[PDB]
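Colleague: The structure's right below; bear with me while I get my questions together.
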Amino acid sequence: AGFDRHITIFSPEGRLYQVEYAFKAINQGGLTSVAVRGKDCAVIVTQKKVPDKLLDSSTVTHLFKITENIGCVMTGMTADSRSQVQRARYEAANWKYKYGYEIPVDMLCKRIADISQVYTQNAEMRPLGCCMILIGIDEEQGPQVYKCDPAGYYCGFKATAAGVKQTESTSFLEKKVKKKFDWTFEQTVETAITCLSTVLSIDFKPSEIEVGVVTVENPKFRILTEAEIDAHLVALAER
Amino acid sequence: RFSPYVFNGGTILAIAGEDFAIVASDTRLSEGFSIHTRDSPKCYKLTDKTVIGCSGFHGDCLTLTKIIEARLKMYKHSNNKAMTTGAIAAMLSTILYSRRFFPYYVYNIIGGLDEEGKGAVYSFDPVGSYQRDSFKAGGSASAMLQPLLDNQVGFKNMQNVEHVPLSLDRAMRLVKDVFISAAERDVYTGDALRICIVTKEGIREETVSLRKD
Amino acid sequence: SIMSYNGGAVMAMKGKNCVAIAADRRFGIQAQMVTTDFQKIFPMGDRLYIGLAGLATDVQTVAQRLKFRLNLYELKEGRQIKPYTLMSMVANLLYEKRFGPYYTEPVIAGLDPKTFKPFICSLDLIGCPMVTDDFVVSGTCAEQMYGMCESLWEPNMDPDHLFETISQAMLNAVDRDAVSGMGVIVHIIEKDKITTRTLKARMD
Amino acid sequence: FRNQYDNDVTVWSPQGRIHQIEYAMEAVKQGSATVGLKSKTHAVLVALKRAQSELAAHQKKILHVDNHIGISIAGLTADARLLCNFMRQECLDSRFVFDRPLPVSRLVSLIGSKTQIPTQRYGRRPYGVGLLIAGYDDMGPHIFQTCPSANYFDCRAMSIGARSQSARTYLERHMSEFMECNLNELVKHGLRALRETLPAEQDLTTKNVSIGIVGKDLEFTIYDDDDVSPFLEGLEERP
Amino acid sequence: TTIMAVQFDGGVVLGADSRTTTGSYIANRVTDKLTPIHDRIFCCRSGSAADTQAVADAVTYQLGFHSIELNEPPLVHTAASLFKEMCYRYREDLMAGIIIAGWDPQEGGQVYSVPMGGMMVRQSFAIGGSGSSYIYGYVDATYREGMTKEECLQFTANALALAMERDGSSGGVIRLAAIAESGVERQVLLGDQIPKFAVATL
Amino acid sequence: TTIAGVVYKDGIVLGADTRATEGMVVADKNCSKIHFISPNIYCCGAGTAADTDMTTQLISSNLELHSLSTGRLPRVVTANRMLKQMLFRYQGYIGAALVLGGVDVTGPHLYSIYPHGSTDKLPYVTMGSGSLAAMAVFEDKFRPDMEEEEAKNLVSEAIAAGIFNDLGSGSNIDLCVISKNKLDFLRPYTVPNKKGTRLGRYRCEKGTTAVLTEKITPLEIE
Amino acid sequence: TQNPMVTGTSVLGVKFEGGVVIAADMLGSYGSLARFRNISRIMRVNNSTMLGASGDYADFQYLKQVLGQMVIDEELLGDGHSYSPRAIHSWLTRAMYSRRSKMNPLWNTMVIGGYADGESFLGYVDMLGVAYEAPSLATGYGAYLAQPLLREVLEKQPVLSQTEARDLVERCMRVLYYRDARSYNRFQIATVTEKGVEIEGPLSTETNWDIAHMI
Amino acid sequence: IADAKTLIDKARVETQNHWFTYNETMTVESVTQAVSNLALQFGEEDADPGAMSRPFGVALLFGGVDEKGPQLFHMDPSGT
Amino acid sequence: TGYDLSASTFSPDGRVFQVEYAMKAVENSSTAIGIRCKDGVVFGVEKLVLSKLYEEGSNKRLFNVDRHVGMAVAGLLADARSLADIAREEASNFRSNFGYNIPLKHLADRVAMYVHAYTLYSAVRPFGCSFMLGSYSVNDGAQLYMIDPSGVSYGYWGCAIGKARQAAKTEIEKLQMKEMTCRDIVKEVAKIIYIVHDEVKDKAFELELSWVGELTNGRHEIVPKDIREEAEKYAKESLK
């Protein structure tokens, strides 16, 4: 072989194996993230696992705010994830400075994704092993969810997942979208929690999940407080 | 608007001798009509056998002394010997020319003992032309001091007078007197005279007091 | 002015299915004529011509440079430049030196490669394009020529009439300017043929 | 096999060790021994020079960085000449800028930083000279050693070079006496310690010993072939 | 232009005239020189409009990026320091005087003045621009410590009015803003609302 | 050059004169000073003519790449910022003074950009040599919430005031009306003044001009 | 700063036995307008050194920032070494000269005052970079007015006591308020002693206006 | 022979540079140190592109009469 | 298998081994512990004395990165000194541009990003040092942050790095540090440092203790020798 081992070399069947190897890294983290888009809200939920009691819970987060109205959940290597978040925050501000309006979510995914292709085509660097899902509200098109993967693909999805149980998570979400009932904010959050819980079989407690929401009524990305998460979790159990 | 130079004044004198070299200078730094300090000797000891005297913009003199001092150390490390007076003179010539386009306003005199053991005085123009000269006066009072040294040390325009090699004593007497005269007629020179005598034993510094304005 | 140092006059006029470009022929340093045969109109195509007046050095350089760009364009695109495109390419060349400008004011006159519609346009030192349906003039004697042209020009002129109007206008105009003159060359471009005639003018 | 992991400074070994840096450290052992000791008032460097042939002169093992600092090289001479120049220029710079002799400790930090850059980046080999730096600054006499690895240590006494364990052993036993020692005693103690490194047949001679002394009143001076005679004469005979 | 900020306990009242002039022609009679650098940090801009508008936007960009990364409301002193560096580094090329005022939870209402040349001085009340010269006396006499926010709004209005009448460059409506923990309340005073002081009427 | 713009209830009307003057001679009439930045943004320019043409063109191009990528019609603010930053970097050496008008999702926006990079969002703006004369008409008659026809009249009257009052301006008046729904580029909105009839025919008959030499080269039409 | 903008005038210092005292007005004047009246033109570089400045406040503020970090860096190093008053003076001389060479002068003229190792140091650094050390230093119009009073006391008595020195600076500050337009009544006095640098807050000068009625 | 030609050239320029700067004749030792410094650069010590990567393959014996009298210094590809 | 040779490479299973290999380097170094209590953060390092010849109070593994923040390092010392320099430069820049003492959380992030960069490129090896930074500011509070060779940065109420990290964490875990005051913690840190040290494998250790907090007026400083001595006594007595 030797077809793998450099991003630039293409396999005899044209597969650029190193990029594929990176997608494997996201799973190595062992955490899954689910995002679902409602009629008026977009929610990102991720599993928060704190390895040691000593670690401060507040510091460990996979949910970051790219700009006041765009929020992202990054799954993969933790260090790579932080690096991409900074680039996103820089890119988001650079758009406001140059063009005078807040970057549309689609354009942030496009810029971030395009940066990833450069890594995929240039020899020295390694594709960052992280996947970022961005949630934002665009006035013209309502709520938006976009995912950029280490390859540079930037598709936008009604609902999506990243991590160890992504395939299972996608199936659960697919069944729920096919039986479309539209989603109110509560349902959008409930669907997300049920999906993560069912795929992981966790039966989550408020501490284990971090949930972030963007709504048309309050466009700013907010990370829900543990109490707010508990309220939704309690309702799910009650019904 | 900003003028990069000011005349900080001062006068420097150097007298060579068969075995001794004397470099002497005022101690007053004056900007404009004001006297910045009355104790700023303008003579610096580069090495045991050499003293540099600088007059002009003080800021240039401080930088040049620092540069020459550094380069002397670098010559010592690289060549494992002290720079001779002749070498310091040539190096200074090159250093000064480096800024021919934005010049150092310093009139410099290097006085010291040569390798043969005789005393040598090297005088430099602000842009670095260097001449080995038996006696030279530089600075605000070069005009006043140089003629006297030429009559007394060089026996010029004197008929039927014998030529006697200068002695450290006669020269110290002469240096003290010429500076006394300049203090009286040059506003810039005054306060005190530091006379540095370089002989095989080494630099010896003697200070005499000229009139405070 | 720097423009007045070498001196020049160029004019172009639009008739019906014909264009005429005419220019003076004197090359002089300030006041001394050196040559009476300077070329200020250069062919940039089968039926497109450019006229440069201004510092002679610039006239020669901008023409030589434009040809480099044009020849490559023709080889690369395998097509003759449409007249409006040369104007744009020239404007880019001139604007590139917006600071330190080439001191030439060009006039471009031609027939469209396929339609054969006439095109006359002029550009300033910094490269500002002006397309006019009547006449365009550039040079030291511009004021004199503008007046002669405004009165004499009539719309839909036939080729023989166009030659007579351009010749009368250039001849009378260069007469009232000291630094331009010593002969005028009129090139007439019609779809079928190009006729270049040198007029008889006061050599003073 | 494990031939792999040893080719470059940029490859970490499976057990956390960068082998090339270690291989570089081995270079100091190849060089002739040098011993440095300190007293409350003076710092001394003594070296055992080696000669290519009887006709050839002994190499210079002690070099003067500045009036207050001097170094003794053990290892590749080339790396030493290069490092010494950097050190000399850094010292000259301090006098021009701040008109103060550079604190000896600060210089060693700078030598460490310059030395580390080769270790992390592909390209230049790690410097393979081991340096003993001795100086008197306002804080006091100081003796520091620098490894080919950039790590530097402050020492009461140290010997770097071939068969230097023997010297370190003598120095440790007689160490307490050194602090209150007179200069003659301190150089004498050092000459004995380097004697241990020498093969039993070989003896200290005026030709192979170089002594460098820096102190509150003494500018660094390298006493050489005929000027080591005062310090050597007082010494006894091999134990 | 006359720009004036005064710090009341718990916040700042910034005020400015609306006139921008090219020569003796008033190009814009309703310009807003009080701009929001951040949610609770605003700057009054006096000096060349081009330079002020550029520096203001660049600081908005820098403060915003910093706030998102530090995940905290930005400090008014930080904004001032960013303005100070730009104005100092490009002092030769920039002709701008900016008064930066804002509320940060850490230090409360703060008014900082960057005069042309790049100095940052915290001041209890800061006046800037061409019209400021005429009102230096009114402010010195009128300023009393511990004025209420409403008292400050009147103080800023009267001061800006006095300058507007005596400076040709100053003029137009008075724009006044009160920035506090609660939020920014922006008010425009026009015509009769602008305070009027009686003329000599000999 | 009188260039002027107004915000009507649902859009912007931009007006400009059609005369380009080199020194004190009218180099050209029918010059076009309302440039196209984008389908929804049109900008009128005054000042060094070349600078206005090139700057508008570069921004028109950049905005096209931006709109194509974003997939949405360009916003007026983007046009202003791109224009201002470019102008600021050049420090007034590029002497382009522009009135930028457009309707975007936010609504109708009109901006005036001075050569040094200053910008003003204003209900009515006039720039150029005749700006002072035009401003007078606007100050006197601008009313908020004007209907489109009234606005076209105000902008026409103002450019007209400049044409008659200022020496530099003069020729036909051009109005461009941008509305959320549509753009009408009304070149020759009005021809205020026309050249008088040439009473005498001075046409030269053939043979009037002597020719020393002639060469006829036949182009091969094919 | 090719053109000075907000500037301050006269910082005076004299070396008492056991330390140096430097004093400064607290006014930054925008060309004849006393725009800034509580600015402090004296800084504590380190326990052993203090610097005061006359000239563009902006350039001083930059120098404080650069010099302060240089001091902070030495402290973090924690080698027990520290910058002497002389060293800070040498650096400033090289720095001001460098900017003069680049024809981008720092307008400030500064006094570096410090007591280390039992020796007091007072030094002058000009915008063109002229530097010297001397017993008493006055920058600004002070050189023309205050320095003559200070030098006379010093020539007659070379060594002065802290009380004597503070009194002299108060007297010299009084003259400067009386005969220099750019001066302001409020001044700060700071003294480097073996103990450290302490800067007194606004201190004001009693003024005799008796000659007015004499007319 | 070829790498020698470069080293002999650095030496010739350095002796001349010393005359220009210091109006004196370089000692044999300094001249060897000067050529040696070039030889040491083979290690990629400097970032300059124009430095041979390979160690020089020449050994030079430099002999001259200086202030210390007749002296012969030997230089090796290492640069010692 | 060539997957582990470079950090640019990714193993077929998704793991970048060179970074993991770098993390093993820290385990080679001696243990260092940092505990955050209400008043401030106390850091302790067991500094093995390799030779009697080396001077005491030298070869420090605790560095002051700025007036208010202190860094304790474990791992290849050379890299650590270099990382400390990067940190000090970053702190200076934040003060120079933003005009105030760097918030520690930001400092950790900036240094981490620098550390992460080395992870991506193939020219440079991952840094081999794991370090802890701590600061106390009245507004911010007491903050302890630890950066792995990977560039992961997290805030730890209590943290340990080095050979005995696992053992130390168990001891640190039974401390109820949040309630405890700074002076008491210094004794506790010492007890843990003594417990983890293995006398048989490591001949001898000198405990180096540093602290930042209200007591130090927010300046990271080496613990005064009187306090250190008292703690070392408390530790030996507890070891029994």
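Please note that chains go A, B, ... in the order of the structure tokens, that every chain numbers its residues from 1, and that ligands are numbered from 1 in the order shown.
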I need the alpha helix (DSSP H) residues of stretch 3-231 of chain I per DSSP on the backbone, written as a PyMOL selection string.

Modeller: chain I and resi 17-28+77-98+104-120+165-173+182-196+225-231

Colleague: Applying 6 Å and only C-alpha atoms, which residues near residue I:25 remain after dropping the ones on its own chain fewer than 6 positions away? List them as a ChimeraX atom specification.

Modeller: /D:16 /I:75,128

Colleague: List as a Markdown table every residue of chain F that is in contact with chain E, defined as an atom at most 7 Å from one of its atoms (using only C-alpha atoms), together with the nearest atom pair and the distance in Å rounded to one decimal, sorted by chain and then rising number.

Modeller:
```
| residue | atom | partner | partner_atom | distance |
| --- | --- | --- | --- | --- |
| F:116 | CA | E:50 | CA | 5.9 |
| F:117 | CA | E:50 | CA | 5.3 |
| F:118 | CA | E:50 | CA | 4.6 |
```

Colleague: Please find the residues of chain I near chain D - the criterion being any atom within 7 Å, counting only C-alpha atoms - and write them as a ChimeraX atom specification.

Modeller: /I:5-6,18,21-22,24-25,52-55,58-59,77-78,82,123-125

Colleague: Include N, CA, C and O atoms and write out the residues we just selected as a short mmCIF file (atom, residue, chain, number, x, y, z; two decimals), in the first residue's frame.

Modeller:
```cif
data_model
loop_
_atom_site.label_atom_id
_atom_site.label_comp_id
_atom_site.auth_asym_id
_atom_site.auth_seq_id
_atom_site.Cartn_x
_atom_site.Cartn_y
_atom_site.Cartn_z
N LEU I 5 4.83 7.51 12.65
CA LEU I 5 6.06 8.29 12.41
C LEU I 5 5.82 9.80 12.46
O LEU I 5 6.73 10.50 12.88
N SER I 6 4.67 10.30 12.01
CA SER I 6 4.47 11.77 11.94
C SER I 6 3.13 12.18 12.51
O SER I 6 2.30 11.32 12.74
N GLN I 18 1.42 10.14 17.26
CA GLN I 18 2.60 10.92 17.70
C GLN I 18 2.20 11.81 18.88
O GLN I 18 2.99 11.92 19.80
N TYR I 21 2.18 9.67 21.92
CA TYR I 21 3.56 9.35 22.32
C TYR I 21 4.13 10.52 23.10
O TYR I 21 4.85 10.30 24.07
N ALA I 22 3.81 11.73 22.68
CA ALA I 22 4.30 12.93 23.39
C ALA I 22 3.72 12.97 24.80
O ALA I 22 4.40 13.43 25.70
N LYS I 24 3.16 10.57 26.69
CA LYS I 24 3.91 9.60 27.52
C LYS I 24 5.16 10.27 28.09
O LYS I 24 5.68 9.80 29.10
N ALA I 25 5.63 11.31 27.43
CA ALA I 25 6.84 12.00 27.91
C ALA I 25 6.58 12.57 29.29
O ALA I 25 7.47 12.46 30.13
N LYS I 52 24.22 15.79 44.27
CA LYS I 52 24.47 16.77 45.35
C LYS I 52 25.10 18.00 44.71
O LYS I 52 24.90 19.09 45.23
N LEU I 53 25.82 17.81 43.62
CA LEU I 53 26.56 18.94 43.01
C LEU I 53 25.60 20.05 42.58
O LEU I 53 26.01 21.20 42.63
N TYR I 54 24.40 19.73 42.12
CA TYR I 54 23.48 20.77 41.60
C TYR I 54 23.07 21.71 42.71
O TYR I 54 22.76 21.23 43.80
N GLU I 55 23.03 23.00 42.44
CA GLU I 55 22.71 23.98 43.50
C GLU I 55 21.25 23.85 43.89
O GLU I 55 20.42 23.60 43.01
N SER I 58 17.50 25.75 42.31
CA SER I 58 17.85 25.93 40.88
C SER I 58 17.23 24.77 40.13
O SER I 58 16.72 23.87 40.80
N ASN I 59 17.24 24.80 38.80
CA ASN I 59 16.53 23.76 38.03
C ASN I 59 15.04 23.85 38.39
O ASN I 59 14.39 22.81 38.45
N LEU I 77 11.94 19.39 30.08
CA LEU I 77 12.09 20.75 30.65
C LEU I 77 12.41 21.74 29.56
O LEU I 77 11.95 22.87 29.65
N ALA I 78 13.18 21.35 28.57
CA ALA I 78 13.57 22.38 27.59
C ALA I 78 12.33 22.95 26.95
O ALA I 78 12.23 24.17 26.84
N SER I 82 10.67 26.91 27.02
CA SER I 82 10.29 27.61 25.78
C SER I 82 8.80 27.96 25.78
O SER I 82 8.45 29.06 25.39
N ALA I 123 6.58 19.23 10.03
CA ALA I 123 7.93 19.78 10.24
C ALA I 123 8.26 19.82 11.72
O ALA I 123 9.41 19.58 12.06
N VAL I 124 7.30 20.14 12.57
CA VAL I 124 7.57 20.33 14.01
C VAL I 124 6.93 19.22 14.81
O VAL I 124 5.83 18.81 14.46
N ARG I 125 7.62 18.73 15.83
CA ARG I 125 7.07 17.66 16.70
C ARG I 125 6.13 18.26 17.71
O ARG I 125 6.29 19.41 18.05
#
```
